[PDB]
């Protein structure tokens, strides 16, 4: 009665997705095979595989890889119920994909090293000479590259490249946002630019990587207050189209969004009238900038960051 199920190219954090798959397979009997990787490499893989891909669904941490795959005309339109399930602000103006979760940019900092009042007012302030040697990031990741794509959209190419060149002077690189957080936790550096969920995830475990940190929210519709939207799409090449649609409907529906609210991943729910974990600052209180996800440009970001010597 059930076949072998679907193949999901999964670029979202494995433990978030495991909470979804467990519930989904229990509910529907549809088996899920995860093939994990980062947003960029999985997006490029889909483009290069094209119609020969075994992928039924693509999930991402951020929006730019969704835009890349949609630009290649590789997605199927999402079923009507799926489109109605997600709040308008978390659906692209153009493109055959949907938001599935969201995350807030933050400045993670160590209060034993540096004090709320001392934090940068704007992410743009991190370019100033007084910030030299005082902040970290993980430039190779799709997470940080998405924050740069928002800056590109909000401030334009000239101002973004300028900030990136100053970043080269000022920042210290670590591989992975968890690594950035741990570095701040250990007092290696005053702070860093990451997403909000890392601290919550660790605090729900042992807290050994996060107890000496706190989170700062830039607010003010600052580029640093960017809320990155995680994406899901069904591949047009899918040989399991209904099961694929069922999966994206499920994760964006009441069951999937309830799991975001209650699991130990601590990412924001994007469903219509879907509340998030009560430990989180509500989305409506973040004072985030308006950034159209379908305008975000991963290729241009890589070009600018490469020009700045960051990649």
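Positions refer to the first chain, counted from 1.
According to the PDB record, 26-34 carries the higher mean C-alpha B-factor of the two stretches 42-50 and 26-34. Of the candidates 88, 214, 105, 185, the PDB record gives 88 the highest C-alpha temperature factor. Per the deposited record, the Cα B-factor of residue 222 falls in the middle third when ranked against the other modelled residues of its chain. Among all modelled residues in its chain, residue 56 ranks in the lowest third by Cα B-factor. Placement of the Cα temperature factor of residue 190 within the chain: lowest third of the modelled residues, per the deposited record. Placement of the Cα temperature factor of residue 261 within the chain: highest third of the modelled residues, per the deposited record. The entry lists a Cα temperature factor for residue 126 that places it in the lowest third of the chain's modelled residues.
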